[PDB]
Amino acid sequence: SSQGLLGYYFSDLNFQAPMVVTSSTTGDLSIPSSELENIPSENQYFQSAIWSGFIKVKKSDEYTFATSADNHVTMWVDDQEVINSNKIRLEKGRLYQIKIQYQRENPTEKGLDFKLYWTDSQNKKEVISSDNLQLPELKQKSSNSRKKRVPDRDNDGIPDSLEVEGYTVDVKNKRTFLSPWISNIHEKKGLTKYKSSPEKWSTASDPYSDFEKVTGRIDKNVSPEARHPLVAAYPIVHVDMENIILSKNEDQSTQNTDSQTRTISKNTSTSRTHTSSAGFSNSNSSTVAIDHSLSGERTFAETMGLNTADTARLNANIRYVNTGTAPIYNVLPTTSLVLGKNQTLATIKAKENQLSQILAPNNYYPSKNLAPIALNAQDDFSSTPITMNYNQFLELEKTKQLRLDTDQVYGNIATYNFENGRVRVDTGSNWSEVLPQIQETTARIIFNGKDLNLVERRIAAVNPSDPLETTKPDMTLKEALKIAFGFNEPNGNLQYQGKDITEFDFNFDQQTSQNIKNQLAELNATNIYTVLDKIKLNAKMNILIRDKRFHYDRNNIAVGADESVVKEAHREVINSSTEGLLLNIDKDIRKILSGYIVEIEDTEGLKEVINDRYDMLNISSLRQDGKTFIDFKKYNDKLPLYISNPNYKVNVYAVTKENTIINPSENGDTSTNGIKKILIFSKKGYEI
């Protein structure tokens, strides 16, 4: 579909002003004026052109080449002129470079009709077939058979002047035209204005060329935003733990293994973290919160019959999560499961080059439609038990938290092959040779607008002290947000999925903050939000952008929100009864709540707390219709609230994750006393 020659069509006579760069499958190198809808009519006159690629014969014959305009043409085969009308021997299974230049002054028609022909020795002449033509090796190295060599200093195939001045791509029939940006035309039409470095084959320093990206000659799994030359395409992987089971480790000394199941099974919630002011760290990490809610009230050790000399082990179901912009194919990264500050309990590895599927951007391994991975799998004799000694086990009970630290070892890359127009995993290309340079030459933005989860993107930006990086276009904060995260601006206001930019805060590392502060001073600007178009990003900046509605822990996970926000989010009550409340609660708000406390307040002001335990707050559930039910009966012994006097109040309180207590207090109290909570419903019995 893409094979044939690469063509440069210029409006000037001397190969200086390229109007169109496109490829054509066969020897027909024509561009009809019907396809130049995005080129001003005056510039549809092509006075010169250059095509470039390779030819391969499927039968070794003596061939004679000819074109539509031999008098305006010079053609070379392997640096030999064949046109400037003679015969030349060509061998099967060998590849020959092709260059063709064309010049015609003051053409009277628009576009170009031009065909490349050959005649074999049986004297039969034909437009050269698609199967005989290949594109140039627009790579940074030649291949064994295909060498590399109209100003194109980085050899990506986009001429220096287009990369510097701005270009657009438009999708024709089965072809993609690359052309200069022209304001009056392409702005109305809504097209994206691309700039890129004429000296960087990949301007973002990733494994896909600026040309591959914008022409779709690229791994279909690469994220849509990373098809922009200025957005880095690379994987970003963390592990998601979905649940966990603890149990006592069998023991040499106890011979009987007939005893009752004494395990502890808990759901877990895992979030990708970022530890700050933004951090400079490129590590992958996630934190796991083990559910503290009711599963009587024995200690873990009492539950499992653990004496102080015993050991326990854990199993858990997990998935890998790719929140980056490029797929992984044949190596999942290695992960440490860590307890407390640095007690590694386990090393989690998958089997290299034996992945059951690719791990795509915005996706999981295994895919959610398949079973998760179990840390100790059932069909796996050699799975290492994840063990804790007794003190570690109590530490786990008290913290109810684990950390998964995942390396950046991501294996080989699927790259485009100009010889055959296919994408295939390349054993000679590895993510480890790419990531260091991506990290060195881009600004990193971490943004949580999607669903309060941290999503990192990197955007090519100038390093003022490194002359090469100096050849990239200026990247503004505003542009960065648009191309990397899909911010748009329907009314002079930058927003993300309907939320104004000013609904998110800005945080930077120390160096970046001082940089941005200087820039605002030079702009005589006091408010970043009103000059995003003028704030310039540099390589190595780190920027953290977070929904302002919420409170964040040191990991930058949303763990709360203002009383006013939580209250307002609950104001709309569909239905209330002695059995519970039915509300409409923003999915973002539900994420920051550990549960609810229900209480009846009598006439003298005394309070009966219905679900009065730190592990009994889990009384909300999300209904099949998106509405939340708060269930009064759950810890009321399956009975609706009994209100002995209509003037009594039913109060319901929301408890946020940062106010959630996860253990009995020091003195031993398992009640809700002292828990910081937020009143969100209060009505008399007669109002219910």
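Just count from 1 along the sequence shown to find any residue number.
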Would you class the number of unmodelled deposited residues between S276 and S277 as none, 1 to 3, 4 to 9, or 10 or more? 10 or more
According to the PDB entry, how many deposited residues between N84 and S85 are absent from the model (none, 1 to 3, 4 to 9, 10 or more)? 4 to 9
If you take the mean CA temperature factor per stretch, which one wins between 472 to 480 and 489 to 497? 489 to 497
Mean C-alpha B-factor higher for 171 to 179, or for 346 to 354? 171 to 179
Of the residues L36, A654, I630, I50, the one whose Cα carries the largest B-factor in the deposited record is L36
Highest CA B factor of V425, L532, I218, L582, as deposited, is found at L582
For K92, the third of its chain by CA B-factor is the highest
Entry-reported C-alpha B-factor of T303 relative to its chain, by third, is middle
Compare the C-alpha B factor of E419 with those of the other modelled residues in its chain, then answer lowest, middle or highest third. middle
Within-chain third of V331 by Cα B-factor, per the entry: middle
Would you check the entry's CA temperature factor for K400 and let me know if it's in the chain's lowest, middle or highest third? lowest
